[PDB]
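Next comes target-v7.cif, a file with mmCIF, C-alpha atoms.
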```cif
data_structure
#
loop_
_atom_site.label_atom_id
_atom_site.label_comp_id
_atom_site.auth_asym_id
_atom_site.auth_seq_id
_atom_site.Cartn_x
_atom_site.Cartn_y
_atom_site.Cartn_z
CA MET A 1 87.03 130.88 77.61
CA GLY A 2 89.49 130.86 74.75
CA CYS A 3 88.44 129.14 71.65
CA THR A 4 86.79 125.86 70.69
CA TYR A 5 86.63 123.72 67.60
CA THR A 6 84.46 120.80 66.52
CA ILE A 7 86.19 117.76 65.06
CA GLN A 8 85.30 117.36 61.37
CA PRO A 9 85.63 114.29 59.19
CA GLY A 10 89.29 113.36 58.62
CA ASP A 11 90.64 115.73 61.28
CA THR A 12 93.75 114.90 63.23
CA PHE A 13 95.61 116.88 65.89
CA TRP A 14 98.35 117.42 63.27
CA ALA A 15 95.93 118.96 60.78
CA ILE A 16 94.23 121.04 63.45
CA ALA A 17 97.60 122.24 64.82
CA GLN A 18 98.66 123.28 61.36
CA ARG A 19 95.48 125.30 60.74
CA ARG A 20 95.68 126.99 64.15
CA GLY A 21 99.40 127.89 63.79
CA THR A 22 100.65 125.57 66.50
CA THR A 23 101.97 122.09 67.17
CA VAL A 24 100.45 118.73 68.16
CA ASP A 25 102.00 119.01 71.59
CA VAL A 26 100.15 122.26 72.19
CA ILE A 27 96.86 120.81 70.97
CA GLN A 28 97.42 117.91 73.33
CA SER A 29 98.21 120.25 76.23
CA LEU A 30 94.99 122.15 75.64
CA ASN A 31 93.11 118.85 75.60
CA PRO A 32 95.05 116.73 78.09
CA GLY A 33 92.29 114.22 78.57
CA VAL A 34 91.73 113.60 74.87
CA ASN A 35 93.33 110.60 73.14
CA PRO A 36 94.46 111.80 69.70
CA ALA A 37 93.84 108.37 68.23
CA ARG A 38 90.18 108.32 69.48
CA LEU A 39 88.67 111.47 68.05
CA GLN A 40 85.04 111.48 67.00
CA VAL A 41 83.43 113.75 64.47
CA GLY A 42 81.41 116.24 66.49
CA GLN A 43 83.69 116.21 69.54
CA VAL A 44 84.51 119.70 70.83
CA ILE A 45 88.12 120.53 71.68
CA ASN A 46 90.05 123.54 72.86
CA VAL A 47 92.26 125.33 70.36
CA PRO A 48 94.40 128.50 70.23
CA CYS A 49 92.61 131.61 69.16
#
```
Rewrite the structure from the file as structure tokens, please.
Amino acid sequence: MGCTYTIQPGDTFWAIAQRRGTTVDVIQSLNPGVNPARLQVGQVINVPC
């Protein structure tokens, strides 16, 4: 099912968006139940492929 990514130390939706070639609003839409200010290292999120 699409692609997944594990939150690493220092990650933010902005930084993840930039690596994946997208925007924060798309990362949020793929992870609608995730608070971007409450990430934990080791959490698994959905990302574009």
Near segment 22-32 of chain A, within 7 Å and counting all atoms listed in the file, which residues show up once chain neighbours fewer than 4 positions away are dropped, as a short mmCIF file (atom, residue, chain, number, x, y, z; two decimals) with C-alpha atoms, keeping the file's coordinate frame?
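File produced: selection.cif:
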```cif
data_model
loop_
_atom_site.label_atom_id
_atom_site.label_comp_id
_atom_site.auth_asym_id
_atom_site.auth_seq_id
_atom_site.Cartn_x
_atom_site.Cartn_y
_atom_site.Cartn_z
CA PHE A 13 95.61 116.88 65.89
CA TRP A 14 98.35 117.42 63.27
CA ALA A 17 97.60 122.24 64.82
CA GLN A 18 98.66 123.28 61.36
CA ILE A 45 88.12 120.53 71.68
CA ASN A 46 90.05 123.54 72.86
CA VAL A 47 92.26 125.33 70.36
#
```
Residue IDs satisfying the PyMOL selection byres ((chain A and resi 44) around 12), as a PDB file with C-alpha atoms, in the coordinates of the input:
```
ATOM      1  CA  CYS A   3      88.440 129.140  71.650  1.00  0.00           C
ATOM      2  CA  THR A   4      86.790 125.860  70.690  1.00  0.00           C
ATOM      3  CA  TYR A   5      86.630 123.720  67.600  1.00  0.00           C
ATOM      4  CA  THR A   6      84.460 120.800  66.520  1.00  0.00           C
ATOM      5  CA  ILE A   7      86.190 117.760  65.060  1.00  0.00           C
ATOM      6  CA  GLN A   8      85.300 117.360  61.370  1.00  0.00           C
ATOM      7  CA  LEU A  30      94.990 122.150  75.640  1.00  0.00           C
ATOM      8  CA  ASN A  31      93.110 118.850  75.600  1.00  0.00           C
ATOM      9  CA  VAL A  34      91.730 113.600  74.870  1.00  0.00           C
ATOM     10  CA  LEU A  39      88.670 111.470  68.050  1.00  0.00           C
ATOM     11  CA  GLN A  40      85.040 111.480  67.000  1.00  0.00           C
ATOM     12  CA  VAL A  41      83.430 113.750  64.470  1.00  0.00           C
ATOM     13  CA  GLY A  42      81.410 116.240  66.490  1.00  0.00           C
ATOM     14  CA  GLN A  43      83.690 116.210  69.540  1.00  0.00           C
ATOM     15  CA  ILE A  45      88.120 120.530  71.680  1.00  0.00           C
ATOM     16  CA  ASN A  46      90.050 123.540  72.860  1.00  0.00           C
ATOM     17  CA  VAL A  47      92.260 125.330  70.360  1.00  0.00           C
TER      18      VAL A  47
END
```
Kindly list the centre and edge lengths in Å, rounded to one decimal, for the axis-aligned box that covers all listed atoms of segment 32-39 of chain A plus 6 Å on each of its six sides, as JSON.
```
{"center_x": 91.9, "center_y": 112.5, "center_z": 73.3, "size_x": 18.4, "size_y": 20.4, "size_z": 22.5}
```
